[PDB]
Every structure is written in C-alpha cells, then in structure tokens.
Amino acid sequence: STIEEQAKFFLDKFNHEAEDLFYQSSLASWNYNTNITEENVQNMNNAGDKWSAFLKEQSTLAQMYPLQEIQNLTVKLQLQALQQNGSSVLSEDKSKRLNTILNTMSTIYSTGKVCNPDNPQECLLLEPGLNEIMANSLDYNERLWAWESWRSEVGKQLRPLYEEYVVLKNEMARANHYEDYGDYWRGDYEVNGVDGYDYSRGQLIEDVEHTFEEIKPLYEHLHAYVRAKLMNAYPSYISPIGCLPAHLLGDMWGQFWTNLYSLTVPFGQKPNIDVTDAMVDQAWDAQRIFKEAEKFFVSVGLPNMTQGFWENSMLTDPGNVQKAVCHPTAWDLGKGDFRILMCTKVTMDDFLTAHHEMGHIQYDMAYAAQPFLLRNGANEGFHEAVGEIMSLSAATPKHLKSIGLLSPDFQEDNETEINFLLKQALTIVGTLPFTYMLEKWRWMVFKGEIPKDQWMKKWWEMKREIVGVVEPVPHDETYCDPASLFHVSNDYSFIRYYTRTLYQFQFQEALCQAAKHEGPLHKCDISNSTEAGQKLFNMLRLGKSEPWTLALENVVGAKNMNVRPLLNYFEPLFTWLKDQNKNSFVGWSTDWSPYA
C-alpha cells in the first residue's frame, strides 16, 4: 500500500476512537457545567485527561506519515491538523515552568483584590466590583481609583511573570518551527499548497493594517463626537484636541465603548426599541424564544433542531437544586448530539443571543458530515461571525414585526436609527482600534521589536497614536497594563475579534443582496430567503475541509478580508457624525496628558 492509503487507514482508526473519547470528555464537561458537584469535577478532569493523552500519542503517530507524500487535500489537512495538535516538543522542566506561570497569572487575575484608600478592610474584586465602577460610575475620582489601582496592585504582580512568559512561549513556538509566539498565533490563517487561495502568516499583518487604514476616518469622527459629549460629562477634565483618558471609556480598559451610550446618545428623548415588554405580555417563555429562533433558520432553508436538542439542552436555570455555569454556549458533543447551555430569561437580549447561539449549532450541524478533524470553523473568526449575523437580522424592526413583538403600524424615525447605529458603533467600531493596537503590541513584543525596558513606554505611545486614548497617570516599566486584561494574562489570541468583525459584515452584505434587500444594509432581515440560506450553507458545510479564503469566496465572492461592508453598514452614521463634528476638531494630539 502507498503512504496515502496507509494514512487513510490511520485516520479511519483515529476518527472512531477520537469520536468516542471526545464524546466522553464532552459529556463529562457538560454534566459539570450543568451541575457543579465535586464528583462532576473529577469525572470532567479524568475524561479530559484521557482525551489529552490520546491526542498526544496520536499526534506523534500522525507525524509518521510525511505530509509531502500525501496528495489528497482532505487527507493532508487532517494529518496536518493532528501533527500540530497535541505536540509538546518543549522540555519537561520548561513545560512545567510555563504551566506554573500560566496558572499563577490566571489566579492573580481572578483573585486580585483592590482595597479602598479610606478602609483597608473594604476590598473589591474585578469580577463584581471594579467592573461595576468602570461600567456605571460617573465620578471622575472613583473611576480613576479603580483604573489605577487594578494596574498598581494586580498589574505590577503580572509584570515579572509576563516577562518569563514571553520567552518561554517563544521557545515553544520555535519548537513547532514558528518564528515566535506571535507568528504561531497567526498560523491559524495560513494556507499552503492550494494555487490561487494561498495565504501566508505575514500577509495577515499587512491585511489587518490595510483594512484598518480605511477604518480610521470613521473612527476619528466617532472619537471626536464622543470627546465633545464627554467634555460635558467631565468638564475641565478633557481637552478638545487631546486623547480620551483611559478610565472614562465604559470599562476597565476601553475594550468597548458601549456603556458610554447614556452620555453620547444622539437623541435622548427617543428611547431605543425594546420588545422585552412585548414578550412578557404575550406570555413568552424560554422554549418560545428558542422555538422562534428555530423558525428563523427554517425560514431560510436550514434544518430544524434535532429532537435530542430539545431533550438534552438546558434552556433555563436549573434552580437551587443544581448549580450551573450560566453562560450561553453552544455544545457540539459529536455523534449527532447538539445542545445549547443557557439560563434564558424573557428579555430582548436573551432572545437575540438565542439566535446567536443557534447560529453556532447550525454551523456545527452543517459540517457534521465532515471527518472529525475538519469539524471546525474555516478559521478562528468564522464561527462567531456566523452567530453575530443571526443577531443582526433578528434585531431589525422588520423582523420583530414579523413575529408579533413590534406593532404592525410601528414607525421608524431616522432619529431612532441613528440612536441604534451609534450604540452599535460604540461596541463594534470602538473596539477595532483597541483590538488591533493590543495584538500589534503583543506581536512586536513576541518578536523582540519592543524590549522589556520599553514595554509600557511603547504601550502608551500606541494607545495615544492608534486608539486616541491617554493614561491618566504615568506608568513606568514596573507596570504591565496589557496583562490587566483577561485575554493577555490568560494566554488567548485577540486578533480574531478584529477579523470576525470584518467577516460578519461581509457575510451579512452578501446574504442581503441574495435576499434582494433594497434599503440601507443595517435594516436588512434575511428571513424567508431560501437563496440567502443556501449561500451561507454552501460555506457552513465545508468546515475546515477547504482553505478559509475559499470558504469566504463561497459567500462574498472574494478571497480576502475586506472592510468596505463594515463601512457601508455605518454609512448613515458616518454622514451624521461628520455633520455633528463641523464645529469640533477631528483627530487628536498625542502630546496632551491629564497629568501634564
């Protein structure tokens, strides 16, 4: 037999045992997240350990079939996905040292306490306390205390660990033949061997910076509008030509500007629409919400939820009888078992995340016929982009009338649309400079372009230059402000939040032309469009079996990430912001500081 035939036999054996062991680890993980008992933790860890040990030995076996001798593309992708997954060429002592660092940083983040200057027994955690201040406080001093202390108590603890974390992760990346840990993260977008669809690891950096250049004009006018509104919220605290202080952005870091909506609302006399009151009046329960979300996907030609979905999912809080992790998640246990984990309430928000999370399930169901190792999103940004566009259509006033939650003769003023679009921009657009700047700093840190003696100096130089945000107090190199964010201190890639955001508006734009939508892009509902459901399904069914550039082409007709669909969604707001900023200065000086 040839090497390719031998590898196909190896995957046939692997797929059977992997599906069994992955199901057992998923069922044990499900039982813990739906019922937190000590016995369920032990069953989850042991089943997870058995799965991790299995992947490690199968990865070493998969490396025994050389990639260069395989000709079938589907076999090559499965072997490559197994040779890289479960590989641990780091030394034993350095692997334990890295894991200890990772666990120490995670514990510092989740247990770090900040105590009041007045009372040292009154202590606040980030998880329920500092975040509440940063999201709801209108007091300049209270926000500055929470912002600066989190970085003074917790941030300074992570700095020595993050220094060793960088070099140890770079060693792990070189053991997998990547240039550094940043290069290793960018390997998710790599495509080799397919003529016309290839994509190099360095191409992601150039494509991210090229798209961001076209985002700058829209962000600059969003920045200028928010600044002028913030000068009235905090008079004598904000320069009309300077950056925004970091502690006044609506959360601990400025990741999203969503909580600034109450200070920057375009028309504060027109309330945003909310069908929460209509659901309670019509006696909606959690089952109705998910039955309605099921009707949405069926309306575009997608399949119904399986009978096991309704029997095995957890769509309400179990109660006091069982303690559960109340965090909306879509589960793909394998073997045709799909469930949603949600403590649903009868609110418009939970109604929308149901369409989001069912979107994941539709994605998982579509590529279930793929081989095991290809049952994943095209790249790391495809899945959440699919869930987000479900929420986009389900939230439109067209859709809410169709299901009886809005009145038939409800009228949409352009003022309420500008209100809606600005709330969207604060979340969607406001996070894009934050995300790009954060990963860029991490990329240059990993490859050594930013030495440790300039970590915080360069960090706040790019916060000023790229994001237009300035520190309220100066920070020397004893600080580690990046690590104060969960993703940086818990070792999670971040650029996916940038690429996914561009993907989702590429998808929605392409699906709305297939749905023959006429008006502005943000008013579009793909419901009852068989052609829109088929265009999306022709990608969902692929999984990882094709390069992500081909998967994107099946939907949008182009092979690359493009930012024009995003700019088209916010075009009604872009024109409005430009007129509001006629009297104001657009852009920012990097010289001004609240402490200077």
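The first residue of the sequence shown is number 1, and the count goes up from there.
Enquirer: Tell me which of 376 to 384 and 269 to 277 has the higher mean C-alpha B-factor in the deposited entry.
Expert: The recorded data point to 269 to 277.
Enquirer: Quick one: say whether 60 to 68 or 540 to 548 has the higher mean Cα B-factor in the deposited entry.
Expert: For C-alpha atoms only, the mean B-factor is higher in 60 to 68.
Enquirer: Would you mind finding, among 482, 433, 120, 472, the residue with the largest C-alpha temperature factor in the entry?
Expert: Answer, based on the entry's C-alpha B-factors: 120.
Enquirer: Among 151, 345, 464, 496, where is the Cα temperature factor highest, going by the PDB entry?
Expert: Max CA B-factor in the entry, restricted to 151, 345, 464, 496: 345.
Enquirer: Per the entry's values, where does residue 534 land by CA temperature factor relative to the rest of its chain, in the lowest, middle or highest third?
Expert: Top third by C-alpha B-factor.
Enquirer: Rank-wise, by C-alpha B-factor, drop residue 319 into the lowest, middle or highest third of its chain.
Expert: CA B-factor rank for residue 319: highest third.
Enquirer: Taking only the Cα B-factors deposited for this chain, tell me whether residue 292 sits in the lowest, middle or highest third.
Expert: As the PDB entry reports it, the C-alpha B-factor of residue 292 lands in the middle third of its chain.
Enquirer: Name the third of the chain's ranked CA B-factors that contains residue 233, choosing lowest, middle or highest.
Expert: According to the entry, residue 233 has a C-alpha B-factor in the chain's middle third.
Enquirer: Just say lowest, middle or highest third for the CA B-factor of residue 178 relative to the other modelled residues in its chain.
Expert: Ranked within chain, residue 178 CA B lands in the middle tercile.
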